[PDB]
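Down below is the structure, laid out as structure tokens.
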Amino acid sequence: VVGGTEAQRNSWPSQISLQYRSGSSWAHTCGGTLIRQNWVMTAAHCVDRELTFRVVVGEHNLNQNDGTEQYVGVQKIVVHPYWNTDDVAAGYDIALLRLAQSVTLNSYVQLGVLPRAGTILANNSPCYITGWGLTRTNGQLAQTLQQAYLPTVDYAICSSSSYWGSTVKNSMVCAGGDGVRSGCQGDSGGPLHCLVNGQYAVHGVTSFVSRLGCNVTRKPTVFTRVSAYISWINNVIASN
Ligand SMILES: O=S([O-])[O-]
Ligand SMILES: [Ca+2]
């Protein structure tokens, strides 16, 4: 997250860190959202490599013991059947991970609230991005979870030529684009939390930023629109 503020320890309890095994150690690569005690939602692109993955729930500082973490293996990866690694702009950047065991819920580990199917946010709706991703273009990961206020940009504006043009699809949410605040590498797969009827719900899965940099004026961060995939998510969980 570029231009964020440090998140409080108990603000975003559905956020997870998706990590891969790197020799003798584990490295954060993506975010995700805990959606059941044994299922995580993340970006398909985060799991294209055939690595060993684990999920950490209850994480705040990647590099220190917080006394709240639970570490769990990934038992099954279900990528959207239409995902194409070579065409991120086509969409379908969503995957579900079945965890090897159920996590324990507490004030640091809670399920994310999903929107109703088909829900579209008005322009300039209040949302926050969270993650441990780079804090500057071509910078370094955050140690502590960051948040940034990232209001939505509706499809008509986002798909206009001075924004993203035809690269964005109606199956995506755009947020931000002020040139100061954005997602960045290592935020991928994580949530966009948006306030609807008094409750934060997870409306986006972080998918991509510009090749020119993370925080680029009129190139909002782009998310998979979770409300486009409710039927798919429910079908996967019911059959696995
Ligand atoms: O997957 S990287 O683009 O955050
Ligand atoms: Ca920690």
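For the single chain, residues carry numbers from 1 onward in sequence order. Hydrogens, waters and symmetry mates are skipped; everything else that's a heavy atom, side chains included, is used.
How far NE2 of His203 is from CD1 of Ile120: 9.5 Å, rounded to the nearest 0.5 Å. Taking OH from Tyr155 and OG from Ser160, the interatomic distance works out to 10.5 Å, rounded to the nearest 0.5 Å. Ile237 CD1 to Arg98 CZ: the interatomic distance, rounded to the nearest 0.5 Å, is 11.0 Å. Here the CE-SG distance, from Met172 to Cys174, works out to 8.5 Å after rounding to the nearest 0.5 Å. In this structure, CG in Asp154 is found 9.5 Å from CG in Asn124, a value given to the nearest 0.5 Å.
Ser171 places none of its side-chain heavy atoms less than 4.5 Å from the side chain of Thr224. Side-chain atoms of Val88 and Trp83, non-hydrogen and from C-beta on, do get closer than 4.5 Å to each other. Taking 4.5 Å as the limit, some side-chain heavy atom of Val202 sits within range of a side-chain heavy atom of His193. Residues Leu134 and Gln185 have side chains in contact (heavy-atom distance under 4.5 Å, counting atoms from C-beta outward). Using a 4.5 Å cut-off on side-chain heavy atoms (C-beta onward), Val40 and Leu96 make no contact. At least one side-chain heavy atom of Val226 sits less than 4.5 Å from a side-chain heavy atom of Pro115. Inter-residue side-chain proximity for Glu6 and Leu145 is flagged as unmet; no heavy-atom pair is nearer than 4.5 Å. Side-chain contact check for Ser17 versus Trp132: some heavy-atom pair is nearer than 4.5 Å.
A continuous path of hydrophobic side-chain contacts links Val74 to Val79 [ILVMFWY only; heavy atoms under 4.5 Å]. Linking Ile, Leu, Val, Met, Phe, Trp and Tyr whenever their side-chain heavy atoms come within less than 4.5 Å leaves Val113 and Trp12 in two separate clusters. Following chains of ILVMFWY side-chain contacts shorter than 4.5 Å, one cannot reach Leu121 starting from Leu114, and the two form parts of different hydrophobic clusters. In terms of hydrophobic clustering, with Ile, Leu, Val, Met, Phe, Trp and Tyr side chains grouped at heavy-atom distances under 4.5 Å, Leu195 and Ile129 are assigned to different clusters. Cluster membership for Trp26 and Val55, using ILVMFWY side-chain heavy atoms within less than 4.5 angstrom, is not shared.
Considering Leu111, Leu97, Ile233 in turn, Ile233 is the only one that fulfils the side-chain contact (heavy atoms from CB on, under 4.5 Å) rule with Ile35. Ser182 pairs in a side-chain contact (heavy atoms from CB on, under 4.5 Å) with only one of the listed residues (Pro220, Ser210, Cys214), which is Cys214.
The two residues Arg181 and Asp178 come nearest to each other via the heavy atoms N-OD1, 2.9 Å. Taking each heavy atom of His60 and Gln8 in turn, the nearest pair found is CE1-C, 4.2 Å. For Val236 against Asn240, the heavy-atom pair with the smallest separation is O-ND2, 2.8 Å. Closest approach of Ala175 and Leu150 over heavy atoms only: CB-O, 3.4 Å. Closest approach of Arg36 to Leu34, counting heavy atoms only: O-CD1, 3.3 Å. A pairwise comparison of heavy atoms in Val2 and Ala148 identifies O-CB, 4.4 Å as the closest pair.
Using a 3.5 Å distance cut-off with no hydrogens or angles, the side chains of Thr130 and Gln15 do pair a donor with an acceptor. With hydrogens and angles left out, the side-chain atoms of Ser188 and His45 include a donor and acceptor closer than 3.5 Å. A side-chain N or O of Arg218 and one of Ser162 form a donor-acceptor pair less than 3.5 Å apart.
Between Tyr229 and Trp232, the ring planes are perpendicular. Angles over 60° get that label, and only those under 30° would be called parallel.
With hydrogens and angles disregarded, a donor-acceptor distance shorter than 3.5 Å links the side chain of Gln37 to the backbone of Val103. One N or O on the side chain of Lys169 and one on the backbone of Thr167 form a donor-acceptor pair closer than 3.5 Å. Of the possible donor and acceptor atoms, one in the side chain of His28 sits under 3.5 Å from a partner among the backbone N and O of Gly186. Distance alone, capped at 3.5 Å, places no donor-acceptor pair between the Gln146 side chain and the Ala142 backbone. Of the possible donor and acceptor atoms, one in the side chain of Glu69 sits under 3.5 Å from a partner among the backbone N and O of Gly67. Side-chain atoms of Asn38 never come within 3.5 Å of backbone atoms of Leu99 as a donor-acceptor pair (strictly under, hydrogens ignored). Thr68 places a side-chain N or O within donor-acceptor distance of the main-chain N or O of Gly58, the cut-off being under 3.5 Å. Checking side-chain atoms of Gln101 against main-chain N and O of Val72 turns up no donor-acceptor pair under 3.5 Å. Side-chain N or O atoms of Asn10 include none that pairs as donor or acceptor with a backbone N or O of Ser107 at under 3.5 Å. For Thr42 (side chain) and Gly31 (main-chain N/O), a donor-acceptor pair under 3.5 Å exists by modelled atom type.
Membership of the apolar cluster around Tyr71 extends to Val56, as traced through chained side-chain contacts below 4.5 Å between ILVMFWY residues.
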Quick one: do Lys219 and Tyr163 satisfy side-chain contact (heavy atoms from CB on, under 4.5 Å)? Show the steps, please. CA-CA 6 Å; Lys219 294 282 181 298; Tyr163 286 73; 5.8 Å; no

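Sorted pairs that involve residues 43-57 and meet salt bridge (charged side-chain N to carboxylate O under 4.0 Å, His left out), not counting sequence neighbours, are lacking altogether. Sorted by first and then second residue, the pairs that involve residues 43-120 and meet disulfide bond (SG atoms under 2.5 Å apart), not counting sequence neighbours, are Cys30-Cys46.
Taking the six-membered ring for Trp, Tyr20 and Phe53 have ring centres at least 6.0 Å apart.
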